[PDB]
Amino acid sequence: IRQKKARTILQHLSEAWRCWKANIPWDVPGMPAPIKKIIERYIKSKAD
Amino acid sequence: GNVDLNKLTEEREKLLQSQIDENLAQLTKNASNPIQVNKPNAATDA
Amino acid sequence: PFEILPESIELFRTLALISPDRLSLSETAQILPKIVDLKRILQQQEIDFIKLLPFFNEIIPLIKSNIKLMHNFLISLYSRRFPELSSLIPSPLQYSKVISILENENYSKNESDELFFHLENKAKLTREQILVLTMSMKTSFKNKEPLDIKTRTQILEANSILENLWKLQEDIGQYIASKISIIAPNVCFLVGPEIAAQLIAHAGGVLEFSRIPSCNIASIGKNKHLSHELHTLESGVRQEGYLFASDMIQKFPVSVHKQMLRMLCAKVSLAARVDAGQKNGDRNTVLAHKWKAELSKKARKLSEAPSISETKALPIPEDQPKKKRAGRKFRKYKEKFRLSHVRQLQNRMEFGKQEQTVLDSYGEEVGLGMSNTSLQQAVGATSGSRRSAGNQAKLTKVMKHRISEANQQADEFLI
Amino acid sequence: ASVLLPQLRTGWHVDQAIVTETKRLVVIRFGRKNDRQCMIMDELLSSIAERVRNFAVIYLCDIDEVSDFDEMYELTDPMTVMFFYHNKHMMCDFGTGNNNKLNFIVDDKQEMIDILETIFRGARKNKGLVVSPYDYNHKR
Amino acid sequence: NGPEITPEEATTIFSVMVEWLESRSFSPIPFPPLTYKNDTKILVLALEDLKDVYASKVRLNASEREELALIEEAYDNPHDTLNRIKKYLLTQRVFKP
Amino acid sequence: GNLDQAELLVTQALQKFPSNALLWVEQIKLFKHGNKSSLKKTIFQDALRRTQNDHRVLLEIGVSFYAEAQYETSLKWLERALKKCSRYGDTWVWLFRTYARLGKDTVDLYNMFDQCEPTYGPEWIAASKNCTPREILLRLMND
Amino acid sequence: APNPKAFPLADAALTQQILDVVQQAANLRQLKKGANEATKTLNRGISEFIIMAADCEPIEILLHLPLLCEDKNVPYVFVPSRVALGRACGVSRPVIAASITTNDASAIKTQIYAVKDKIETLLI
Amino acid sequence: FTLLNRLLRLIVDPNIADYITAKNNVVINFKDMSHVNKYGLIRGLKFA
């Protein structure tokens, strides 16, 4: 059921960016560590 | 070009379970966006 | 010994006269080292009694009253020397300390240690507070040597007594804190022990606290609200005050503090009530647990925003002309949105002529247009083109309500 | 987006899609997966698709993988999009001259929606041509 | 990290202000009295300024409309508006953001 | 010594006759003792409501404020009381006391003292019972 | 079955009467619902009589109110049903404590007084 | 604002000054991003 998961992750990616834009932390709880890290990295890159 | 994330990806691959993947929390619009959309739109309903 | 404390209470009560307090003061002075020292000693000595309270619950309000009286006296003494000081510094102990510092003298005209003393000696003085104090001094403080040395002496005495009283109070609070897990277990569980002590002490007993209705609790242990000091916070909590400082609130984000704080107050109150109800050594502490759990849940819910919604679509663009309506009733509404007749006129511009413009300072651009009649234009303006009532900008429901509220408030003020 | 939009595997599939949307309009994007412009277009259309949903639909075609439709554009073949209704090709006159296909990236999500709306309206009317509200004449 | 003005600086600058004021011998501006001589005129002026923005425009959005309505209300029930203003000045330490 | 009992009695009285200003005054006095030192302003407001700003209630409030040593407020209260009905006495005395406490002066008061005193007012009445002057009486009261 | 410490519990007819009174007060703004509001009323003195819910679980959260009443000499009952009480108050949500407040010039003064008397009768 | 407030007090009735201070301390917003104005005047308040 990977497509669904991918879709979900897209939203997460978008939402962290949105949060960053707003200037609010992206303290999402149940997200797994490495995924979270990756997201953070992405956000940083975007910022740069 | 895309090199700085490869390691991260690898790490992710190493770590996660299927169960964990299944239970990724469907994300809430932390910057309450749709409310704001509703409100501006209603204010500027033409 | 054990027996003294009713005497102490009596002594405290006798002070509940009014300023001026001079021979009364002397009486007051006598009352101080007699009593305000022995109590401290007793407190220090662990294992004298467990049923001191509710006599310590009986006395703490009295003590508070006494302190207030002392503060008032001090202000009376000082006012006409430094009127604004009271306004600037709320807390009575703090005020006393400030006064002491101010009197101290030596290099106090230039700088001791002036703005150093405050921070260390009058412990609590924050930067903002200090700045305001300095400003006040620059304006309102007279600094012509005290009305009399006698007066100075009197104020010193007052400070000494007041300080002692404060110390005693602090000691009592500490004692309460030490005991509280036996006194008001539920409350402690809900909040934390120190916080509980602070609340309980302020109240009087746990019964007193219980009697206090939830809404009030928030602002127990607030810094008295000075108008000049800034208040608004991203939190939106207005109360600050002991409870707000708890883990249970301060662990969650700032979005939730206000709501969370509110929740806490009520649950704290409930806990207190429960404690009051239960007889000594029952220490049930299950309801409190449940409340805590619920609070946590609430916090979590508040933090968790809404799901992304199905991005609602545009409607199939079809072009229907179904309406066709009209009717005094329905006209009005629509009259608000229709272009008026004077606007229609405006929209017509005479052809040849340099057509009439109103130079509005923000933008001269604006052409009246053929609203103004030729002859009229040549001469002057028109109120025939101030025609309509059917579009005179009316308020919203919300706005109207707000205005009504404002009016009510004004009326109240006038009474 | 990749996950957002639906993608097509073969020419037959594409044709089916074009035919079988009776009610909605159909924007196909003919484009080479790994190109900049095409990617941009896809991104734009991802946003639009959800919005326009009830009136239009968006699809993707890897033009290298599915080479059936080089009839549509005489082998010009940049990373384009095309508009369809009742299996009729729908003709969106910009400045560009290519009234057939928009072979160029537009950036204003709203603008994109508006043009799609226009074409839908045209289709409903029965019109084959439709003048866009916007001009273009920059992005050839 | 606290207010960037340290207290000494404040003392210096506050003192400068105060001395200046003394030199100029300044009667401080009193609270708008409950029956102020030039009240109504002032109010009118204020309302005109508020209006200004709209005098041009032919449509209004909602916020703008609301503002206009408020202005009208102020004009039309002047006394009430004045009272409200006074109340706000006195009290209102808090505000719509 | 017994204050709870007194409070109870007051409450009962209020229940029976809510408007009677003297009961309200008594309640206010009790409050001023400083058992609550709270529910104070609210109580005052309630009293005012029920007694339609009764002359005496205002005076009582002023006195309470005097006791608490917030003096401008007290003065204001006293003024209000006077306005409500100047003929009553103890109010005048209270005002004088306040003035004495403050740096303010009595000339104005004297000028406005043309109006009557022992018509009504408890302490004043008592003093009267204990003479024929008025300024002398006032002085005595002050003392 | 209702709690023992919730005392005095009304009887059925009495309960009904009390709820009617509450309703009347609600319409006339002469009532205050809610434990905390009841407490406030008691503190003020404005409470004519206090109505609590027997079927408050956990009962403890009321059982200060009775004490307060005793120490202020305001009569008080529990009714049985918190839902019913809430409804009477005019609140869908279930309520535990209400206070019919004092006001000489009420239409419903007499009615209120009757209820108060009834409550007193129960107490002993 | 503290410094400002006291300065103002030298030229207005303190209440007015207080009001001014409070106003310059609002929650600012922007498209889903707050901040509070604990410092640094708001230029757009009509008196400012």
# chains A, B, ... in the order shown; residues from 1 in each chain; ligands from 1
>>> residues_around(residues="region 267-282 of chain C", least_positions_apart="3", cutoff="10 Å", atoms="only C-alpha atoms", output="PDB file with C-alpha atoms, in the first residue's frame")
ATOM      1  CA  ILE C 182      -0.397  14.880  53.848  1.00  0.00           C
ATOM      2  CA  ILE C 183      -2.527  18.092  53.743  1.00  0.00           C
ATOM      3  CA  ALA C 184      -3.795  18.238  50.138  1.00  0.00           C
ATOM      4  CA  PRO C 185      -2.373  15.254  48.262  1.00  0.00           C
ATOM      5  CA  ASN C 186      -4.685  15.525  45.268  1.00  0.00           C
ATOM      6  CA  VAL C 187      -3.761  19.150  44.623  1.00  0.00           C
ATOM      7  CA  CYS C 188      -0.064  18.300  44.841  1.00  0.00           C
ATOM      8  CA  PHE C 189      -0.521  15.448  42.380  1.00  0.00           C
ATOM      9  CA  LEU C 190      -2.339  17.762  39.977  1.00  0.00           C
ATOM     10  CA  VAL C 191       0.274  20.511  40.162  1.00  0.00           C
ATOM     11  CA  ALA C 196       0.256  23.742  46.157  1.00  0.00           C
ATOM     12  CA  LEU C 199      -1.861  28.359  46.700  1.00  0.00           C
ATOM     13  CA  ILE C 200      -2.901  26.844  50.022  1.00  0.00           C
ATOM     14  CA  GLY C 205      -6.482  26.326  54.863  1.00  0.00           C
ATOM     15  CA  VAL C 206      -7.375  23.808  52.218  1.00  0.00           C
ATOM     16  CA  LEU C 207     -11.008  24.536  53.125  1.00  0.00           C
ATOM     17  CA  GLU C 208     -10.403  28.185  52.260  1.00  0.00           C
ATOM     18  CA  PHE C 209      -8.884  27.175  48.928  1.00  0.00           C
ATOM     19  CA  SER C 210     -11.870  24.946  48.194  1.00  0.00           C
ATOM     20  CA  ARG C 211     -14.229  27.817  48.980  1.00  0.00           C
ATOM     21  CA  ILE C 212     -12.318  29.914  46.415  1.00  0.00           C
ATOM     22  CA  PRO C 213     -14.144  29.480  43.056  1.00  0.00           C
ATOM     23  CA  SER C 214     -12.110  28.239  40.168  1.00  0.00           C
ATOM     24  CA  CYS C 215     -11.931  31.381  38.034  1.00  0.00           C
ATOM     25  CA  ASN C 216     -10.234  33.264  40.900  1.00  0.00           C
ATOM     26  CA  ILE C 217      -7.369  30.812  41.350  1.00  0.00           C
ATOM     27  CA  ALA C 218      -5.517  31.748  38.205  1.00  0.00           C
ATOM     28  CA  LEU C 243      -0.486  27.952  38.883  1.00  0.00           C
ATOM     29  CA  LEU C 261      -4.343  27.227  32.421  1.00  0.00           C
ATOM     30  CA  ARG C 262      -8.111  27.533  32.628  1.00  0.00           C
ATOM     31  CA  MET C 263      -8.451  23.752  32.716  1.00  0.00           C
ATOM     32  CA  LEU C 264      -5.815  23.507  35.432  1.00  0.00           C
ATOM     33  CA  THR C 285      -5.434  10.352  45.326  1.00  0.00           C
ATOM     34  CA  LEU C 287      -9.569  11.380  41.265  1.00  0.00           C
ATOM     35  CA  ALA C 288      -6.580  13.715  41.014  1.00  0.00           C
ATOM     36  CA  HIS C 289      -4.722  11.160  38.898  1.00  0.00           C
ATOM     37  CA  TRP C 291      -7.914  14.644  36.269  1.00  0.00           C
ATOM     38  CA  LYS C 292      -4.213  14.852  35.453  1.00  0.00           C
ATOM     39  CA  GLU C 294      -7.611  14.108  31.312  1.00  0.00           C
ATOM     40  CA  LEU C 295      -5.647  17.363  31.401  1.00  0.00           C
TER      41      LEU C 295
ATOM     42  CA  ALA G  35     -20.381  24.296  41.408  1.00  0.00           C
ATOM     43  CA  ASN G  36     -18.076  27.220  41.219  1.00  0.00           C
ATOM     44  CA  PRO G  58     -17.350  11.788  41.835  1.00  0.00           C
ATOM     45  CA  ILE G  59     -19.741  13.176  44.492  1.00  0.00           C
ATOM     46  CA  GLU G  60     -16.814  14.686  46.411  1.00  0.00           C
ATOM     47  CA  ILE G  61     -16.692  17.686  44.017  1.00  0.00           C
ATOM     48  CA  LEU G  62     -20.011  18.904  45.448  1.00  0.00           C
ATOM     49  CA  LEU G  63     -19.643  17.879  49.084  1.00  0.00           C
ATOM     50  CA  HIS G  64     -18.070  21.202  50.053  1.00  0.00           C
ATOM     51  CA  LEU G  65     -21.196  23.070  48.954  1.00  0.00           C
ATOM     52  CA  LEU G  67     -20.779  22.438  54.262  1.00  0.00           C
TER      53      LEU G  67
END
>>> residues_around(residues="residue 307 (chain C)", least_positions_apart="4", cutoff="9 Å", atoms="only C-alpha atoms", output="PyMOL selection string")
chain B and resi 26-29
>>> write_last_selection(atoms="N, CA and C atoms", output="PDB file, in the first residue's frame")
ATOM      1  N   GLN B  26      -1.148  10.806   9.746  1.00  0.00           N
ATOM      2  CA  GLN B  26      -1.650  11.686   8.672  1.00  0.00           C
ATOM      3  C   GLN B  26      -1.661  13.140   9.129  1.00  0.00           C
ATOM      4  N   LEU B  27      -0.921  14.003   8.432  1.00  0.00           N
ATOM      5  CA  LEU B  27      -0.487  15.259   9.045  1.00  0.00           C
ATOM      6  C   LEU B  27      -1.505  16.384   9.057  1.00  0.00           C
ATOM      7  N   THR B  28      -1.509  17.074  10.192  1.00  0.00           N
ATOM      8  CA  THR B  28      -2.407  18.162  10.477  1.00  0.00           C
ATOM      9  C   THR B  28      -1.764  19.460  10.035  1.00  0.00           C
ATOM     10  N   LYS B  29      -2.550  20.365   9.445  1.00  0.00           N
ATOM     11  CA  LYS B  29      -2.023  21.638   8.911  1.00  0.00           C
ATOM     12  C   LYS B  29      -1.610  22.601  10.026  1.00  0.00           C
TER      13      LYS B  29
END
>>> select_by_dssp(residues="chain E", states="alpha helix (DSSP H)", output="MDAnalysis selection string")
chainID E and resid 7:24 39:56 62:76 78:90
>>> interface_residues(of="chain C", to="chain B", cutoff="6 Å", atoms="only C-alpha atoms", output="PyMOL selection string")
chain C and resi 305-308
>>> write_last_selection(atoms="N, CA, C and O atoms", output="PDB file, in the first residue's frame")
ATOM      1  N   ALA C 305      -3.495  19.667  15.528  1.00  0.00           N
ATOM      2  CA  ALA C 305      -4.327  20.538  14.689  1.00  0.00           C
ATOM      3  C   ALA C 305      -5.333  19.692  13.863  1.00  0.00           C
ATOM      4  O   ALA C 305      -5.541  18.511  14.170  1.00  0.00           O
ATOM      5  N   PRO C 306      -5.993  20.285  12.849  1.00  0.00           N
ATOM      6  CA  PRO C 306      -6.942  19.456  12.117  1.00  0.00           C
ATOM      7  C   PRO C 306      -6.273  18.757  10.955  1.00  0.00           C
ATOM      8  O   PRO C 306      -5.249  19.235  10.468  1.00  0.00           O
ATOM      9  N   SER C 307      -6.874  17.663  10.490  1.00  0.00           N
ATOM     10  CA  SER C 307      -6.424  16.984   9.269  1.00  0.00           C
ATOM     11  C   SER C 307      -6.444  17.930   8.076  1.00  0.00           C
ATOM     12  O   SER C 307      -7.236  18.877   8.040  1.00  0.00           O
ATOM     13  N   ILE C 308      -5.584  17.676   7.096  1.00  0.00           N
ATOM     14  CA  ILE C 308      -5.712  18.378   5.825  1.00  0.00           C
ATOM     15  C   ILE C 308      -7.063  17.949   5.273  1.00  0.00           C
ATOM     16  O   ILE C 308      -7.423  16.767   5.345  1.00  0.00           O
TER      17      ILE C 308
END
>>> residues_around(residues="region 23-34 of chain A", least_positions_apart="6", cutoff="12 Å", atoms="only C-alpha atoms", output="PyMOL selection string")
(chain A and resi 8-9+12-17+40-41+43+47) or (chain B and resi 5-32) or (chain C and resi 252-255+300+303-305) or (chain H and resi 29-35)
>>> atom_distance(atom1="CA of residue 228 (chain C)", atom2="CA of residue 18 (chain H)")
5.4 Å
>>> residues_around(residues="residue 15 (chain E)", least_positions_apart="6", cutoff="12 Å", atoms="only C-alpha atoms", output="number ranges by chain")
C: 134-140; E: 7-9, 21-22; H: 3, 6-7, 10
>>> residues_around(residues="region 25-30 of chain G", least_positions_apart="5", cutoff="9 Å", atoms="only C-alpha atoms", output="list in words")
residues 20, 88, 89, 90, 99, 100, 101, 102, 103, 106, 107, 108 and 112 of chain G
>>> closest_atom_pairs(of="chain D", to="chain C", cutoff="6 Å", atoms="only C-alpha atoms", output="CSV")
residue,atom,partner,partner_atom,distance
D:51,CA,C:313,CA,4.4
D:52,CA,C:314,CA,5.7
D:53,CA,C:313,CA,6.0
D:55,CA,C:316,CA,5.0
>>> residues_around(residues="residue 11 (chain D)", least_positions_apart="6", cutoff="10 Å", atoms="only C-alpha atoms", output="ChimeraX atom specification")
/D:17,61,63,65-69
>>> select_by_dssp(residues="chain G", states="strand (DSSP E)", output="ChimeraX atom specification")
/G:31-33,47-53,76-79,97-101
>>> write_last_selection(atoms="C-alpha atoms", output="PDB file, in the first residue's frame")
ATOM      1  CA  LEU G  31     -30.228  31.483  38.833  1.00  0.00           C
ATOM      2  CA  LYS G  32     -26.587  30.505  38.569  1.00  0.00           C
ATOM      3  CA  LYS G  33     -25.537  27.010  37.489  1.00  0.00           C
ATOM      4  CA  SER G  47     -27.847  32.273  47.254  1.00  0.00           C
ATOM      5  CA  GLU G  48     -31.470  31.738  48.352  1.00  0.00           C
ATOM      6  CA  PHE G  49     -31.084  28.022  48.030  1.00  0.00           C
ATOM      7  CA  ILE G  50     -28.662  25.497  46.586  1.00  0.00           C
ATOM      8  CA  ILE G  51     -29.560  22.566  44.368  1.00  0.00           C
ATOM      9  CA  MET G  52     -26.970  19.859  43.866  1.00  0.00           C
ATOM     10  CA  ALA G  53     -26.890  16.614  41.919  1.00  0.00           C
ATOM     11  CA  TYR G  76     -29.948  22.928  50.269  1.00  0.00           C
ATOM     12  CA  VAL G  77     -30.970  19.755  48.518  1.00  0.00           C
ATOM     13  CA  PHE G  78     -29.625  17.300  46.136  1.00  0.00           C
ATOM     14  CA  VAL G  79     -31.972  16.268  43.403  1.00  0.00           C
ATOM     15  CA  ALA G  97     -24.784  22.555  41.234  1.00  0.00           C
ATOM     16  CA  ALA G  98     -27.092  25.480  40.898  1.00  0.00           C
ATOM     17  CA  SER G  99     -28.137  28.332  43.030  1.00  0.00           C
ATOM     18  CA  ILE G 100     -31.385  30.162  42.916  1.00  0.00           C
ATOM     19  CA  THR G 101     -30.257  33.633  43.864  1.00  0.00           C
TER      20      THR G 101
END
>>> interface_residues(of="chain D", to="chain A", cutoff="10 Å", atoms="only C-alpha atoms", output="list in words")
residues 1, 2, 3 and 4 of chain D
>>> write_last_selection(atoms="N, CA and C atoms", output="short mmCIF file (atom, residue, chain, number, x, y, z; two decimals), in the first residue's frame")
data_model
loop_
_atom_site.label_atom_id
_atom_site.label_comp_id
_atom_site.auth_asym_id
_atom_site.auth_seq_id
_atom_site.Cartn_x
_atom_site.Cartn_y
_atom_site.Cartn_z
N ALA D 1 3.27 17.06 -9.46
CA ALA D 1 3.66 15.96 -8.54
C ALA D 1 3.47 14.59 -9.19
N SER D 2 4.25 13.63 -8.71
CA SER D 2 4.20 12.25 -9.17
C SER D 2 3.06 11.50 -8.49
N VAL D 3 3.06 11.54 -7.16
CA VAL D 3 2.04 10.87 -6.37
C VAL D 3 0.64 11.51 -6.51
N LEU D 4 0.59 12.82 -6.78
CA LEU D 4 -0.68 13.56 -6.79
C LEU D 4 -1.47 13.25 -8.05
#
>>> residues_around(residues="region 368-373 of chain C", least_positions_apart="4", cutoff="9 Å", atoms="only C-alpha atoms", output="PyMOL selection string")
chain C and resi 341-350+355-358+377-378+380-382+385
>>> interface_residues(of="chain F", to="chain G", cutoff="7 Å", atoms="only C-alpha atoms", output="NGL selection string")
:F and (8 or 11 or 39 or 43)
>>> write_last_selection(atoms="C-alpha atoms", output="compact mmCIF listing (two decimals), in the first residue's frame")
# COMPACT_ATOMS: atom_id res chain seq x y z
CA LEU F 8 -24.92 35.04 60.04
CA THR F 11 -27.28 37.65 56.37
CA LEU F 39 -15.32 39.62 48.14
CA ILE F 43 -20.05 43.17 48.37
>>> interface_residues(of="chain F", to="chain C", cutoff="12 Å", atoms="only C-alpha atoms", output="ChimeraX atom specification")
/F:1,32-39,45,48-49,52-53,63-71,80,97-98,100-103
>>> write_last_selection(atoms="N, CA and C atoms", output="tab-separated table (two decimals), in the first residue's frame")
chain	number	residue	atom	x	y	z
F	1	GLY	N	-16.27	39.10	70.90
F	1	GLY	CA	-15.37	38.47	69.92
F	1	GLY	C	-16.01	37.81	68.71
F	32	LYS	N	-14.78	44.89	56.49
F	32	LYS	CA	-13.63	45.74	56.76
F	32	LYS	C	-12.76	45.16	57.82
F	33	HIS	N	-13.28	44.40	58.78
F	33	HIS	CA	-12.48	43.72	59.78
F	33	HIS	C	-11.27	42.98	59.22
F	34	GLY	N	-11.46	42.33	58.08
F	34	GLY	CA	-10.36	41.76	57.30
F	34	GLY	C	-10.27	40.26	57.43
F	35	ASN	N	-11.43	39.60	57.48
F	35	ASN	CA	-11.51	38.15	57.59
F	35	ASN	C	-11.36	37.59	56.19
F	36	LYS	N	-12.15	38.16	55.27
F	36	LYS	CA	-12.01	37.91	53.85
F	36	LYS	C	-10.91	38.82	53.34
F	37	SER	N	-11.12	40.13	53.52
F	37	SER	CA	-10.35	41.20	52.85
F	37	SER	C	-10.49	41.07	51.32
F	38	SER	N	-11.64	40.56	50.91
F	38	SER	CA	-11.89	40.07	49.55
F	38	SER	C	-13.35	39.77	49.52
F	39	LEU	N	-13.88	39.54	48.33
F	39	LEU	CA	-15.32	39.62	48.14
F	39	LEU	C	-15.77	40.97	48.72
F	45	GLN	N	-20.56	46.78	46.03
F	45	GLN	CA	-21.37	47.00	44.82
F	45	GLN	C	-22.79	46.52	45.06
F	48	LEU	N	-24.68	48.76	47.36
F	48	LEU	CA	-25.04	49.96	46.62
F	48	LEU	C	-26.30	49.72	45.80
F	49	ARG	N	-26.31	48.58	45.12
F	49	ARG	CA	-27.43	48.17	44.27
F	49	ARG	C	-28.70	48.07	45.10
F	52	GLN	N	-29.76	51.42	46.60
F	52	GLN	CA	-29.92	52.51	45.63
F	52	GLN	C	-28.94	53.66	45.89
F	53	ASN	N	-27.68	53.29	46.11
F	53	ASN	CA	-26.66	54.18	46.65
F	53	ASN	C	-27.19	54.91	47.86
F	63	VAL	N	-15.49	55.12	54.97
F	63	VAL	CA	-14.88	54.85	56.27
F	63	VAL	C	-13.95	53.64	56.18
F	64	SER	N	-14.48	52.60	55.54
F	64	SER	CA	-13.75	51.34	55.34
F	64	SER	C	-12.44	51.61	54.57
F	65	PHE	N	-12.59	52.39	53.52
F	65	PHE	CA	-11.45	52.80	52.69
F	65	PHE	C	-10.49	53.63	53.54
F	66	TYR	N	-11.01	54.51	54.40
F	66	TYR	CA	-10.20	55.31	55.32
F	66	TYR	C	-9.35	54.41	56.20
F	67	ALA	N	-10.01	53.40	56.74
F	67	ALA	CA	-9.37	52.41	57.62
F	67	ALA	C	-8.23	51.72	56.90
F	68	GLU	N	-8.53	51.31	55.67
F	68	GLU	CA	-7.54	50.65	54.79
F	68	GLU	C	-6.42	51.61	54.35
F	69	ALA	N	-6.68	52.92	54.50
F	69	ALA	CA	-5.71	54.01	54.35
F	69	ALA	C	-5.45	54.38	52.90
F	70	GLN	N	-6.46	54.20	52.05
F	70	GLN	CA	-6.44	54.67	50.67
F	70	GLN	C	-7.34	55.91	50.65
F	71	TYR	N	-6.71	57.09	50.64
F	71	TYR	CA	-7.34	58.25	51.26
F	71	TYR	C	-8.10	59.07	50.27
F	80	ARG	N	-19.37	61.87	47.71
F	80	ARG	CA	-20.54	61.23	47.09
F	80	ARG	C	-21.69	61.16	48.10
F	97	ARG	N	-11.74	64.48	59.04
F	97	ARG	CA	-10.66	63.58	59.45
F	97	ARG	C	-9.72	63.31	58.28
F	98	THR	N	-10.35	63.02	57.14
F	98	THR	CA	-9.62	62.72	55.90
F	98	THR	C	-8.74	63.90	55.51
F	100	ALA	N	-7.63	66.27	57.43
F	100	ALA	CA	-6.58	66.38	58.45
F	100	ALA	C	-5.42	65.46	58.10
F	101	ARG	N	-5.79	64.23	57.75
F	101	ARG	CA	-4.82	63.19	57.37
F	101	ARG	C	-3.98	63.66	56.18
F	102	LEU	N	-4.70	64.19	55.18
F	102	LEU	CA	-4.10	64.79	53.98
F	102	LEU	C	-3.52	66.17	54.26
F	103	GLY	N	-2.92	66.76	53.22
F	103	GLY	CA	-2.48	68.15	53.25
F	103	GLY	C	-3.56	69.17	52.92
>>> atom_distance(atom1="CA of residue 157 (chain C)", atom2="CA of residue 23 (chain C)")
13.3 Å
>>> atom_distance(atom1="CA of residue 8 (chain H)", atom2="CA of residue 130 (chain C)")
17.7 Å
>>> closest_atom_pairs(of="chain H", to="chain E", cutoff="9 Å", atoms="only C-alpha atoms", output="Markdown table")
| residue | atom | partner | partner_atom | distance |
| --- | --- | --- | --- | --- |
| H:2 | CA | E:3 | CA | 8.9 |
| H:3 | CA | E:10 | CA | 6.9 |
| H:6 | CA | E:14 | CA | 8.2 |
| H:7 | CA | E:14 | CA | 6.7 |
| H:9 | CA | E:28 | CA | 8.4 |
| H:10 | CA | E:28 | CA | 6.7 |
| H:11 | CA | E:28 | CA | 4.6 |
| H:12 | CA | E:29 | CA | 4.4 |
| H:13 | CA | E:30 | CA | 5.0 |
| H:14 | CA | E:31 | CA | 8.3 |
| H:15 | CA | E:90 | CA | 5.8 |
| H:16 | CA | E:89 | CA | 5.9 |
| H:18 | CA | E:93 | CA | 7.6 |
| H:19 | CA | E:89 | CA | 5.9 |
| H:20 | CA | E:89 | CA | 8.6 |
| H:21 | CA | E:93 | CA | 8.5 |
| H:22 | CA | E:93 | CA | 5.3 |
| H:23 | CA | E:95 | CA | 6.9 |
| H:25 | CA | E:94 | CA | 8.5 |
| H:26 | CA | E:97 | CA | 5.7 |
| H:27 | CA | E:97 | CA | 4.9 |
| H:28 | CA | E:97 | CA | 5.8 |
| H:29 | CA | E:97 | CA | 7.0 |
| H:39 | CA | E:3 | CA | 8.2 |
>>> closest_residue(among="C:248, C:15, C:353, C:333", to="residue 394 (chain C)", atoms="only C-alpha atoms")
C:333
>>> decode(residues="region 2-13 of chain B", atoms="C-alpha atoms", output="short mmCIF file (atom, residue, chain, number, x, y, z; two decimals), in the first residue's frame")
data_model
loop_
_atom_site.label_atom_id
_atom_site.label_comp_id
_atom_site.auth_asym_id
_atom_site.auth_seq_id
_atom_site.Cartn_x
_atom_site.Cartn_y
_atom_site.Cartn_z
CA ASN B 2 21.05 15.36 -4.28
CA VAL B 3 24.20 13.93 -2.60
CA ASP B 4 23.63 15.39 0.91
CA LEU B 5 20.39 13.41 1.40
CA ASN B 6 21.57 10.02 0.15
CA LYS B 7 23.05 9.12 3.54
CA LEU B 8 19.82 10.15 5.26
CA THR B 9 17.82 7.98 2.86
CA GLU B 10 20.11 5.03 3.57
CA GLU B 11 19.67 5.55 7.31
CA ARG B 12 15.89 5.64 6.88
CA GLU B 13 16.00 2.41 4.88
#
